[PDB]
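Visitor: Input: one structure, supplied below.
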Amino acid sequence: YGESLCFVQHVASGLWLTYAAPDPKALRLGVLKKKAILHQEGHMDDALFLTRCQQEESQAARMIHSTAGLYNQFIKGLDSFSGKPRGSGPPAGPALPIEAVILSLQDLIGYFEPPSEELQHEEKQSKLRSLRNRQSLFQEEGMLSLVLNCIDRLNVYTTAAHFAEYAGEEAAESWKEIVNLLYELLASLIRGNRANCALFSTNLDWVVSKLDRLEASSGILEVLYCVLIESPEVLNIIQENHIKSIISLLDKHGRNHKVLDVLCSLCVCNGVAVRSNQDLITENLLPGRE
Amino acid sequence: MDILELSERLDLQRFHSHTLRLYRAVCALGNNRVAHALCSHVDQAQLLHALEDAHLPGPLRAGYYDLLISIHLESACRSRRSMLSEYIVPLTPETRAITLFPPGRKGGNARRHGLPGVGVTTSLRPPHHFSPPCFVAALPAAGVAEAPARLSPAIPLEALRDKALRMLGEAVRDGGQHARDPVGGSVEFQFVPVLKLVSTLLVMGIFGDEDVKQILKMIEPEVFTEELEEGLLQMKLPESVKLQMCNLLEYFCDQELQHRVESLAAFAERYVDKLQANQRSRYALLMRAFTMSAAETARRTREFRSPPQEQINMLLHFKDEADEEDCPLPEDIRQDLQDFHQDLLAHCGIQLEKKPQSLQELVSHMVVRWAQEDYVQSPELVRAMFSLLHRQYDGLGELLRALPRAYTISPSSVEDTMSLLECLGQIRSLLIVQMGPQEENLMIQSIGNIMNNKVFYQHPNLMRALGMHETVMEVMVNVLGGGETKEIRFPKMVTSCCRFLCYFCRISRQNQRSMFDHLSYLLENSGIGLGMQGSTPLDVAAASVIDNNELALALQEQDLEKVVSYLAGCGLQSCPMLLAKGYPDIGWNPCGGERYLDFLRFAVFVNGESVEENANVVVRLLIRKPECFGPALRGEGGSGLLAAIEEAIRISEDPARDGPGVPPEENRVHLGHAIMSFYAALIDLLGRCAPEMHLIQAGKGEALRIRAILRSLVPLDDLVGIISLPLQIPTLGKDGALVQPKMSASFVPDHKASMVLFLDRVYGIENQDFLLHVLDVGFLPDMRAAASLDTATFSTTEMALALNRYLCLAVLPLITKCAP
Amino acid sequence: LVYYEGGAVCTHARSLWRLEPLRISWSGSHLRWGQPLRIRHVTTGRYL
Amino acid sequence: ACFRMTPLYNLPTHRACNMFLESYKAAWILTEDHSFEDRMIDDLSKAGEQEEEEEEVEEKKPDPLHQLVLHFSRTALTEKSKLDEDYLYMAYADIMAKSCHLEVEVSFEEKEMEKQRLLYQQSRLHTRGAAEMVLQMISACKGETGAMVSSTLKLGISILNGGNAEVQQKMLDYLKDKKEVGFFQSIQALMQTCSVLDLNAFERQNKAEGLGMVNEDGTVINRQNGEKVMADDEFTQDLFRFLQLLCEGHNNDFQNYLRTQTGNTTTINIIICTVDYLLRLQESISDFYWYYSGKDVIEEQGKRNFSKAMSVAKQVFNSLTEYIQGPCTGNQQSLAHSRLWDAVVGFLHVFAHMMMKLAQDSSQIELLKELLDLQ
Amino acid sequence: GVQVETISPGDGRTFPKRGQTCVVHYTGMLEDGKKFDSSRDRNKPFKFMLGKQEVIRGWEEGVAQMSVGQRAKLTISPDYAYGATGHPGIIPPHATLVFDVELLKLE
């Protein structure tokens with residue numbers, strides 16, 4: 001296990017598991033991803049070398065495999081009850097596992113602690129790059145996109161009762177903490193993740209649109225705060241409308257240290273300043289003084 | 001509400017602190033317009049009375065202090081630090097006057113070290129430019145972001161200086177008192193803001209000499225006494241305040257090193273004058289010593305025949321004592337030099353009461369004592385501590401490092417160096433901030449002023465010591481980083497990037513050496529320079545490599561490999577800007593290939609001779625990459641180069657096949673002439689890459705086979721046909737107006753010149769009948785063209801002049817060697 | 001479809017693969033040359 | 001120009017002062033010898049009033065040297081995608097290297113006393129975490145050639161000189177506990193990027209001195225730079241000397257660990273990769289043999305290139321000997337099955353034709369001596 | 001377009017003539033009365049040259065209407081003032097201004 005060179009053979013076919021080799025025009029495509037085929041003749045390098053994987057990575061893969069299916073079932077249930085309001089009638093279908101979803105979320109955040117600051121620098125760095133590694137795999141298989149789908153399909157319904165007339169009354173009480181914990185999970189996943197902050201750099205308008213929503217204002221604001229801190233590209237892509245939206249958010253939700261810190265982080269990043277962004281912030285906020 | 005009540009009400013106080021942080025962020029990094037806006041929003045006397053008030057809570061106190069710094073002090077502090085890192089010394093009578101040690105009754109070798117920061121520092125430092133803040137004036141008529149950025153708000157510097165000094169005195173009084181209630185709720189909140197303001201003012205240099213004396217007295221009285229009280233060092237501080245203390249003392253030691261450098265420059269001035277007078281006397285005895293002695297005169301001559309650098313080298317070379325008896329310099333001019341050398345050793349501390357009475361031992365002792373007192377938990381303070389400790393223990397080595405940066409300038413050019421340094425300060429400040437239109441206009445005008453600047457021509461070593469080209473390349477790459485593949489922002493910017501640095505190339509070859517050192521770094525970024533029109537990092541690398549055979553030899557095979565990989569890509573596909581603009585599609589890109597080919601030409605051909613290793617490796621790369629040949633000479637199913645030229649002329653005759661069909665900008669190239677230029681540059685590349693005739697008679701097998709391979713790959717019949725091809729000549733038409741087919745739309749005799757250059761370089765000309773038929777089929781069309789040229793209108797137009805250069809560079813040398 | 005790829009995708013969990021012996025018990029016993037077995041991708045859950 | 005030159009008295013004063021400043025720099029500041037590292041290190045190591053308090057020693061507070069070493073360790077353990085240049089670490093690593101090494105009939109007592117002093121000087125640092133910090137800094141180097149790893153390896157040499165058994169034990173234990181493959185990956189990357197002799201670069205340099213046109217600054221004809229051939233010879237030498245010092249004293253456990261690391265998720269063979277580098281160096285030396293046999297006599301620049309390459313090869317052979325001694329049976333068998341034999345045959349024929357052509361003429365006697373030493 | 005209220009009477013025989021520098025001491029408030037700029041803030045009087053129009057033309061008109069040694073309150077309409085644009089950042093766009101002016105000495 002880790003030093004042997006191994007051939008793999010198929011019992012039923014009796015042929016040799018080989019690589020299909022670079023077929024014509026694959027060079028023009030430039031893709032280094034090449035198909036495997038099954039042929040008795042095989043190729044010279046048909047022997048495989050097997051190498052170890054960490055138990056942390058194995059557990060991460062297993063939890064990915066289970067989580068994808070669970071939240072996929074949840075999204076299909078969302079689609080099932082999205083079309084027609086149930087009204088004063090039972091959904092007449094398998095109810096989504098709300099409690100299993102709940103437990104899965106706090107399990108994920110319990111997998112996603114930020115390191116405690118009291119820990120020494122060595123173990124701090126160790127758990128830091130371990131967490132970065134897990135976040136990289138999780139965005140690679142893209143359960144973050146699945147979380148985005150869940151968030152969108154939940155926030156199409158403005159209120160817990162509004163969700164209830166379509167899905168059921170028992171989910172209405174859970175709905176608030178469901179969306180809050182989902183935003184918290186997304187923040188935990190994206191915090192300190194280059195890939196996730198790059199994804200939000202691609203699509204910031206999602207957070208810009210859902211920031212005004214009251215139900216999870218703190219969670220969405222913390223998400224935006226982490227994205228703005230970690231990613232300088234988001235600050236480049238920000239236009240005047242986004243800054244005005246954040247100022248309107250501060251107006252509608254009152255004075256907030258978190259919101260003001262978000263604006264501070266928007267101002268400057270990595271020791272390089274965007275004069276256009278600073279000028280927009282000034283012209284929009286300061287001259288009023290109210 | 002009262003802010004003193006806000007002190008008890010922390011939540012609203014916390015919001016006010018976050019407001020202060022936001023104000024700092026918006027005014028930060030030299031955004032002067034927002035700085036003046038914030039100066040209007042927050043009253044200045046408010047900031048002053050806030051500095052006065054001690055009842056104000058500590059976090060808001062630190063916030064007000066840092067806001068004052070980020071409104072007034074930040075930009076001047078940054079520019080001053082950037083200029084202070086570098087040491088430039090002018091020539092002055094005051095410079096002559098200044099020395100390492102002040103004379104006194106105390107023995108010269110044993111003199112008390114002078115208090116740091118007192119005396120005259122002749123180093124040219126940019127006068128801080130401040131704008132009187134008045135926001136009721138008329139609005140500027142000039143457009144926004146194109147008008148120059150305006151200065152930072154003005155402050156009463158002298159009153160602020162005295163106020164900060166007496167605040168530090170109050171801090172000393174409180175430290176002596178050891179009162180239970182600290183100012184701002186903590187000793188840190190009491191000391192850190194005041195120390196930061198003191199640091200900023202010292203960086204400004206507004207603090208006078210006597211002010212520096214009082215600052216040293218407060219920092220440590222007994223150590224800096226001039227001839228109970230307690231010292232800021234002994235009364236002990238928390239970690240962060242110790243960090244601010246280390247920053248202050250690091251600044252003072254920076255002025256200590258500055259004093260060493262300037263005194264050394266002064267001594268250099270005096271000793272150079274003494275050496276010049278001695279050599280004037282010696283040569284006066286030398287034109288006389290030609291008669292008395294022959295061997296003495298001969299050895300004096302061969303000594304002077306060495307270059308002036310070597311002459312000064314041998315004149316100075318008497319420290320080792322091995323040839324101190326040998327050196328002709330007088331023993332007194334030796335002795336004063338050794339005396340100053342021992343003085344410098346003592347001042348640096350190389351030579352080895354209980355209180356240190358020296359900055360060296362003072363810093364060492366305080367660092368060591370702090371280390372015994374506590375184990376520092378803050379890595380930044382640890383690094384500052386140990387860096388300062390190393391500076392103190394070995395400042396002489398740091399002096400050795402700083403000396404190459406040191407340089408001397410004349411008082412006659414000091415005013416021009418002033419403007420040069422100001423523009424440098426603008427550039428270095430601009431590097432910090434990201435891209436903007438105002439920033440691009442500012443740097444363009446600044447580098448224009450630098451290029452116009454006379455000292456820039458006068459002192460080639462001065463901008464070498466400055467190293468502005470590195471920072472210019474840094475701003476280049478920061479602009480290039482964002483979204484480079486799709487489109488390049490501001491080809492105006494990149495064209496400026498050359499005209500400045502590409503002209504720096506044109507100015508010097510040691511400049512070419514530096515850009516050759518940074519050549520590959522420009523090469524990975526050359527993948528956008530070809531896409532942008534005009535001056536490119538590709539051509540800055542070409543201008544660096546050109547005309548220096550040492551650079552041509554030192555050229556790297558892997559760098560040429562990635563360049564020819566770029567060439568292979570552009571030969572694989574046409575450019576996406578072409579595709580987006582909608583010009584007729586081509587399977588490959590001719591223009592990028594052509595520009596890479598001319599770069600390779602400048603690489604292979606230097607000073608009028610080809611370089612053998614680079615030529616051979618370029619042939620290797622060419623045979624590695626058949627895609628570089630484009631459609632012409634395809635190979636299997638191969639339409640020849642002559643047929644491709646025929647189809648290119650067909651396309652040129654065809655309307656809208658070269659153009660958009662919707663050159664209004666004229667920057668866009670006609671596609672047919674782009675193809676013809678590509679293949680002309682390719683043929684010229686193979687020609688100038690072929691080895692020379694002397695190597696041919698030497699009979700080296702690799703050279704012979706390379707020449708044969710070039711002949712086989714490019715058949716001579718294609719060359720003969722291209723020479724034979726009739727070419728449109730600007731003729732009189734439309735009732736007698738000279739109808740001029742522009743070069744971009746028509747095939748050109750400079751392409752024909754590349755053709756004949758490959759011919760006489762590779763195929764050569766060997767037979768009389770071969771020469772005769774080449775003449776009467778291809779050179780006689782040229783010569784009838786010259787017959788047409790012998791006209792007043794033809795002589796007026798520039799294509800006749802182009803044909804004149806064509807003949808004199810290509811046909812005339814060929815004809816001269818064909819004379820037999 | 002499963003392909004042969006090289007890069008960060010190798011480090012990613014998509015490159016992980018798992019082996020299951022046909023015999024239910026003592027699966028964790030030492031592998032033997034030519035032993036009948038099944039291949040499963042851990043994240044997908046599908047059997048190749 | 002010999003008559004043309006403006007005499008220094010008629011020469012402009014500012015440019016003359018620049019000239020003289022550079023001259024005085026080169027002739028005086030470099031030649032002035034300043035010894036400060038020993039006193040710096042002993043002052044840092046001495047802990048004043050620590051025993052006087054006697055509670056802080058019970059808490060085990062680091063003395064200033066230990067604090068500095070822990071700061072460097074913190075910087076190393078801090079993770080960056082790109083390694084960060086640290087002038088402070090270069091300065092301090094140089095200081096510690098001097099403090100350790102501090103360096104004609106000598107008696108037994110004097111030799112033993114010198115050995116004990118060297119051991120104590122090594123102790124002052126390795127008792128403070130120096131070896132672990134060096135391993136961390138190589139791991140942070142990650143296999144990029146630079147002053148970072150140059151100073152790190154020099155400090156490793158300075159602490160491991162003489163085969164410090166306790167330093168070797170601490171390094172092995174640290175590797176076994178952290179158990180991170182990145183250190184060995186960095187070693188392999190550095191040893192792969194170690195350069196080999198190049199005929200092309202040598203000939204380019206030859207044409208360089210042959211042409212040798214004047215430099216623009218003043219009059220500098222054919223200014224000679226450091227030879228492009230064997231640019232990193234000192235780095236290859238001190239890296240292989242680091243491996244030699246690690247295996248010094250016939251430390252069988254560490255030799256086996258270098259061969260294979262049992263528990264690490266991926267194991268690489270430093271022995272085999274060192275054999276690969278030796279084989280590449282042998283091919284390069286064979287290329288110089290063919291080029292030198294091309295002409296009748298050896299020219300001086302090529303003589304010096306060949307001598308420096310021979311010094312590198314000597315370091316490689318000493319490292320291999322330290323690997324295989326003990327005798328470590330596993331290392332012996334791995335080397336036997338490795339590609340060593342082909343490289344050894346290559347060195348054999350190369351050496352034969354060497355001493356032939358070298359004994360042909362008298363001037364090559366010193367290179368012949370070095371040849372015999374390598375053989 | 002400028003409304004003038006004389007808090008302290010001017011002498012009436014000495015007047016600022018076009019082409020003579022004026023040393024004034026001003027205080028600037030907004031529509032609702034918030035102070036954005038003032039010479040009191042600098043503690044140094046503001047000096048301006050009549051006729052170069054370096055400051056707002058409505059304000060030069062008000063100063064010209066003013067006598068020497070006078071304290072007054074001047075309301076400037078937007079069209080004479082910054083206008084619809086205001087002063088970017090300092091004065092909100094499309095806002096009129098009201099200034100309080102001291103004229104201690106005239107040279």
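Order determines the names: the first chain of the structure tokens is A, the second B, and so forth; residues in each chain are numbered 1 upward, and ligands are numbered 1 upward as they are shown.
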Go through chain E and collect every residue that DSSP, computed from the backbone, puts in strand (DSSP E or B); the answer should be as a PyMOL selection string.
Guide: chain E and resi 2-8+21-29+35-38+46-49+55+71-76+87+91+97-105
Visitor: Tell me, counting only C-alpha atoms, for each residue of chain A within 12 Å of chain E, which pair of atoms is nearest and how far apart they are in Å to one decimal, in rows ordered by chain and increasing number, as a Markdown table.
Guide:
```
| residue | atom | partner | partner_atom | distance |
| --- | --- | --- | --- | --- |
| A:278 | CA | E:89 | CA | 11.3 |
| A:279 | CA | E:89 | CA | 8.5 |
| A:280 | CA | E:89 | CA | 9.6 |
| A:281 | CA | E:89 | CA | 9.8 |
| A:282 | CA | E:89 | CA | 6.4 |
| A:283 | CA | E:89 | CA | 5.2 |
| A:284 | CA | E:89 | CA | 8.5 |
| A:285 | CA | E:89 | CA | 9.0 |
| A:286 | CA | E:89 | CA | 6.9 |
| A:287 | CA | E:89 | CA | 5.5 |
| A:288 | CA | E:92 | CA | 7.2 |
| A:289 | CA | E:34 | CA | 9.5 |
| A:290 | CA | E:34 | CA | 11.2 |
```
Visitor: May I have the selected residues written with N, CA, C and O atoms, as a PDB file, in the first residue's frame?
Guide:
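Output (again22.pdb):
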```pdb
ATOM      1  N   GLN A 278     -13.634  55.160  -3.043  1.00  0.00           N
ATOM      2  CA  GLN A 278     -13.584  56.113  -1.939  1.00  0.00           C
ATOM      3  C   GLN A 278     -14.414  57.353  -2.247  1.00  0.00           C
ATOM      4  O   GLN A 278     -15.139  57.857  -1.378  1.00  0.00           O
ATOM      5  N   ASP A 279     -14.321  57.860  -3.478  1.00  0.00           N
ATOM      6  CA  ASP A 279     -15.086  59.040  -3.859  1.00  0.00           C
ATOM      7  C   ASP A 279     -16.583  58.758  -3.838  1.00  0.00           C
ATOM      8  O   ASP A 279     -17.370  59.603  -3.399  1.00  0.00           O
ATOM      9  N   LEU A 280     -16.997  57.583  -4.319  1.00  0.00           N
ATOM     10  CA  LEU A 280     -18.414  57.235  -4.262  1.00  0.00           C
ATOM     11  C   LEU A 280     -18.899  57.147  -2.822  1.00  0.00           C
ATOM     12  O   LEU A 280     -19.971  57.670  -2.488  1.00  0.00           O
ATOM     13  N   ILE A 281     -18.120  56.498  -1.951  1.00  0.00           N
ATOM     14  CA  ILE A 281     -18.494  56.407  -0.543  1.00  0.00           C
ATOM     15  C   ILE A 281     -18.644  57.798   0.055  1.00  0.00           C
ATOM     16  O   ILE A 281     -19.637  58.099   0.732  1.00  0.00           O
ATOM     17  N   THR A 282     -17.667  58.672  -0.200  1.00  0.00           N
ATOM     18  CA  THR A 282     -17.733  60.035   0.314  1.00  0.00           C
ATOM     19  C   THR A 282     -18.983  60.752  -0.176  1.00  0.00           C
ATOM     20  O   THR A 282     -19.800  61.203   0.635  1.00  0.00           O
ATOM     21  N   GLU A 283     -19.180  60.796  -1.496  1.00  0.00           N
ATOM     22  CA  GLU A 283     -20.267  61.581  -2.074  1.00  0.00           C
ATOM     23  C   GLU A 283     -21.628  61.060  -1.633  1.00  0.00           C
ATOM     24  O   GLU A 283     -22.575  61.838  -1.477  1.00  0.00           O
ATOM     25  N   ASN A 284     -21.753  59.749  -1.437  1.00  0.00           N
ATOM     26  CA  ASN A 284     -23.029  59.168  -1.045  1.00  0.00           C
ATOM     27  C   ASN A 284     -23.320  59.320   0.443  1.00  0.00           C
ATOM     28  O   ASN A 284     -24.465  59.586   0.821  1.00  0.00           O
ATOM     29  N   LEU A 285     -22.311  59.161   1.305  1.00  0.00           N
ATOM     30  CA  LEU A 285     -22.586  59.140   2.737  1.00  0.00           C
ATOM     31  C   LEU A 285     -22.344  60.498   3.387  1.00  0.00           C
ATOM     32  O   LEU A 285     -23.247  61.059   4.018  1.00  0.00           O
ATOM     33  N   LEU A 286     -21.133  61.040   3.249  1.00  0.00           N
ATOM     34  CA  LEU A 286     -20.707  62.127   4.128  1.00  0.00           C
ATOM     35  C   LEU A 286     -21.499  63.428   4.003  1.00  0.00           C
ATOM     36  O   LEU A 286     -21.831  64.005   5.053  1.00  0.00           O
ATOM     37  N   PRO A 287     -21.821  63.952   2.809  1.00  0.00           N
ATOM     38  CA  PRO A 287     -22.358  65.325   2.754  1.00  0.00           C
ATOM     39  C   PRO A 287     -23.673  65.513   3.493  1.00  0.00           C
ATOM     40  O   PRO A 287     -24.017  66.648   3.846  1.00  0.00           O
ATOM     41  N   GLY A 288     -24.431  64.441   3.721  1.00  0.00           N
ATOM     42  CA  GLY A 288     -25.694  64.585   4.426  1.00  0.00           C
ATOM     43  C   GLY A 288     -25.524  64.943   5.890  1.00  0.00           C
ATOM     44  O   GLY A 288     -26.194  65.846   6.400  1.00  0.00           O
ATOM     45  N   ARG A 289     -24.634  64.237   6.586  1.00  0.00           N
ATOM     46  CA  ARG A 289     -24.335  64.327   8.019  1.00  0.00           C
ATOM     47  C   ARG A 289     -25.472  63.811   8.898  1.00  0.00           C
ATOM     48  O   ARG A 289     -25.292  63.746  10.121  1.00  0.00           O
ATOM     49  N   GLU A 290     -26.627  63.439   8.337  1.00  0.00           N
ATOM     50  CA  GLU A 290     -27.742  63.020   9.182  1.00  0.00           C
ATOM     51  C   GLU A 290     -27.473  61.663   9.816  1.00  0.00           C
ATOM     52  O   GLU A 290     -27.807  61.435  10.984  1.00  0.00           O
TER      53      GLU A 290
END
```
Visitor: Would you please work out which residue, of A:197, A:31, A:131, A:181, is nearest to chain C when using only C-alpha atoms?
Guide: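 Closest residue, counting only C-alpha atoms: A:31.
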Visitor: If you run DSSP over the backbone, which residues in range 126-361 of chain D end up helix (DSSP H, G or I)? Put them as a PyMOL selection string.
Guide: chain D and resi 126+130-141+147-160+165-178+182-193+199-211+233-246+252-259+270-294+300-324+329-337+340-360
Visitor: For range 382-385 of chain B, list every protein, DNA or RNA residue within 8 Å, evaluated using only C-alpha atoms, and leave out those in the same chain fewer than 4 positions away; present the list as a PDB file with N, CA and C atoms, in the first residue's frame.
Guide:
```pdb
ATOM      1  N   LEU B 243       6.973  49.456  21.218  1.00  0.00           N
ATOM      2  CA  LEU B 243       7.094  49.440  19.762  1.00  0.00           C
ATOM      3  C   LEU B 243       7.177  50.850  19.191  1.00  0.00           C
ATOM      4  N   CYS B 246      10.621  52.144  19.929  1.00  0.00           N
ATOM      5  CA  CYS B 246      11.594  51.596  18.989  1.00  0.00           C
ATOM      6  C   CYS B 246      11.495  52.268  17.627  1.00  0.00           C
ATOM      7  N   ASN B 247      10.279  52.593  17.180  1.00  0.00           N
ATOM      8  CA  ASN B 247      10.147  53.335  15.925  1.00  0.00           C
ATOM      9  C   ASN B 247      10.806  54.706  16.026  1.00  0.00           C
ATOM     10  N   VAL B 367      17.451  47.074  24.861  1.00  0.00           N
ATOM     11  CA  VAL B 367      16.879  45.872  24.259  1.00  0.00           C
ATOM     12  C   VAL B 367      17.153  44.656  25.136  1.00  0.00           C
ATOM     13  N   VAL B 376       8.633  38.777  24.865  1.00  0.00           N
ATOM     14  CA  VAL B 376       7.705  39.551  24.050  1.00  0.00           C
ATOM     15  C   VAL B 376       6.741  38.623  23.325  1.00  0.00           C
ATOM     16  N   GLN B 377       5.447  38.907  23.467  1.00  0.00           N
ATOM     17  CA  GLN B 377       4.390  38.122  22.843  1.00  0.00           C
ATOM     18  C   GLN B 377       4.027  38.610  21.446  1.00  0.00           C
ATOM     19  N   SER B 378       4.545  39.762  21.021  1.00  0.00           N
ATOM     20  CA  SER B 378       4.132  40.378  19.766  1.00  0.00           C
ATOM     21  C   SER B 378       5.232  40.253  18.722  1.00  0.00           C
ATOM     22  N   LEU B 389      18.455  46.066  17.001  1.00  0.00           N
ATOM     23  CA  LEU B 389      19.645  45.543  17.661  1.00  0.00           C
ATOM     24  C   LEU B 389      20.754  45.263  16.652  1.00  0.00           C
TER      25      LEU B 389
ATOM     26  N   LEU D  68      14.455  34.965  19.929  1.00  0.00           N
ATOM     27  CA  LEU D  68      14.681  35.232  18.511  1.00  0.00           C
ATOM     28  C   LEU D  68      14.485  33.970  17.678  1.00  0.00           C
ATOM     29  N   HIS D  71      10.878  33.324  17.351  1.00  0.00           N
ATOM     30  CA  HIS D  71      10.283  34.237  16.380  1.00  0.00           C
ATOM     31  C   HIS D  71      10.520  33.753  14.955  1.00  0.00           C
TER      32      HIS D  71
END
```
Visitor: Which residues are close to residue 60 in chain E, i.e. within 12 Å by only C-alpha atoms, leaving aside same-chain residues fewer than 2 positions away? Reply as number ranges by chain.
Guide: B: 136-138; E: 2, 16-22, 24, 48-58, 62-66, 74, 76, 80-81, 101
Visitor: Residues at most 12 Å from range 776-784 of chain B, counting only C-alpha atoms, excluding those fewer than 2 positions away in the same chain, as a VMD selection string?
Guide: chain B and resid 717 to 729 748 to 750 752 to 753 755 to 756 769 to 774 786 to 790 800 803 to 804 806 to 807 810 to 812 814 to 815
Visitor: If we count only C-alpha atoms, which residues of chain A reach to within 10 Å of chain B? Please list them as a ChimeraX atom specification.
Guide: /A:28,233,236,255-269,271-283,286-287,289
Visitor: Within 12 Å of chain D, which residues of chain A come that close, and what is the closest atom pair and distance in Å for each? Count only C-alpha atoms and give it as a Markdown table.
Guide:
```
| residue | atom | partner | partner_atom | distance |
| --- | --- | --- | --- | --- |
| A:1 | CA | D:265 | CA | 9.9 |
| A:2 | CA | D:266 | CA | 7.2 |
| A:3 | CA | D:267 | CA | 8.8 |
| A:49 | CA | D:266 | CA | 11.9 |
| A:50 | CA | D:266 | CA | 10.7 |
| A:51 | CA | D:266 | CA | 7.5 |
| A:52 | CA | D:265 | CA | 5.9 |
| A:53 | CA | D:265 | CA | 7.5 |
| A:54 | CA | D:265 | CA | 8.1 |
| A:55 | CA | D:265 | CA | 11.2 |
| A:120 | CA | D:74 | CA | 9.7 |
| A:121 | CA | D:74 | CA | 6.8 |
| A:122 | CA | D:77 | CA | 6.5 |
| A:123 | CA | D:77 | CA | 9.7 |
| A:124 | CA | D:78 | CA | 9.5 |
| A:125 | CA | D:78 | CA | 6.7 |
| A:126 | CA | D:77 | CA | 9.0 |
| A:127 | CA | D:79 | CA | 11.7 |
| A:128 | CA | D:79 | CA | 9.2 |
| A:129 | CA | D:79 | CA | 8.1 |
| A:130 | CA | D:79 | CA | 11.8 |
| A:132 | CA | D:79 | CA | 11.5 |
```
